[PDB]
Amino acid sequence: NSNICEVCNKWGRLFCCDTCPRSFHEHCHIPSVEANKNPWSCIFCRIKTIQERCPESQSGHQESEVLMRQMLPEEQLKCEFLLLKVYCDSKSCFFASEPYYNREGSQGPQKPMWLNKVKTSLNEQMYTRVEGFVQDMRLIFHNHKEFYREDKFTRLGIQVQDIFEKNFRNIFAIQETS
Ligand SMILES: [Zn+2]
Ligand SMILES: [Zn+2]
Ligand SMILES: [Zn+2]
């Protein structure tokens, strides 16, 4: 197995996947690494099993259809992995914890949002459809763009949203287009 956490790229107290060589800190993995369970399969493995059990699941889908799906176990898992893929980028540090807003010439967002809040929401099964999760994720970046205006720091929002959006397309197998 790897000797660094797959998500944050740090050594420390790592839990090892039994079916691939990745490793995780406890709370880096999403969901948090399970108490017992030997063997244990990480979320990368579980997602691959879903694709393998239903190859047709990788055929193209319409985003509109994906968003209206109910958060049954498989959609729940897919959202958890998508969240994890965002945390895998070091720039996610900017969007992880609860922000605050005091900048000359700007007003804070009406509805603040941050990755840890989303993480808690998923963990507490607060989303009934994929839409709920996707809206909150896109809100993080939209709020950031709006607040930082013409400061070049707006680019961080664009960059992390691109990571989100590419992984969303890949995980939910959105139909490729030009
Ligand atoms: Zn980690
Ligand atoms: Zn694995
Ligand atoms: Zn099948």
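Residues numbered from 1 in each chain as written, not as in the entry; some residues may be left out. Chains lettered and ligands numbered in written order. Heavy atoms only, no water. Residues with missing side-chain atoms left out of burial classes, pairs and counts.

For this deposited structure, the header cites X-ray crystallography as the method used and 1.9800 Å as the resolution.

### Quick notes on the nonpolar core
Counting residues in each nonpolar core, the largest one holds 48 residues, and the members touching the most others are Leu83, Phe133, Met137, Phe164, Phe168 and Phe172. With eight residues, helix α3 (residues 73-87) is the largest single contributor of residues to this core. Split by domain, this core shows at least three residues from each of two domains, domain 1 (1-59) and domain 2 (60-178). (Core = buried A, V, L, I, M, F, W, Y, C linked by side-chain atoms within 4.5 Å. Buried < 20%, exposed > 50% of the residue type's maximum accessible area, 1.4 Å probe, protein only. Helix = DSSP H or I, 4+ residues; strand = E, 2+ residues; numbered from the N terminus. Domains from an automatic or database assignment.)

### Section: the domain arrangement of the protein
Along its sequence, the protein is organised into domain 1 (1-59) and domain 2 (60-178). Between the C-alpha centres of domain 1 and domain 2 there is a distance of 21 Å. For the pair domain 1 and domain 2, the summed buried area comes to about 1400 Å², and 74% of that belongs to carbon and sulfur atoms. Among the residues of domain 1 in contact with domain 2, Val7, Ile30 and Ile47 are the three that bury the most area, contributing 38% of the side total. Seen at the junction of domain 1 and domain 2, the total is zero salt bridges. Our count for the contact surface shared by domain 1 and domain 2 stands at two residue pairs in polar contact. (Buried area = accessible area lost by both parts, 1.4 Å probe. Salt bridge = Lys/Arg side-chain N within 4 Å of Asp/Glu carboxyl O. Polar contact = N/O pair within 3.5 Å; in protein donor to acceptor, adjacent residues only side chain to side chain.)

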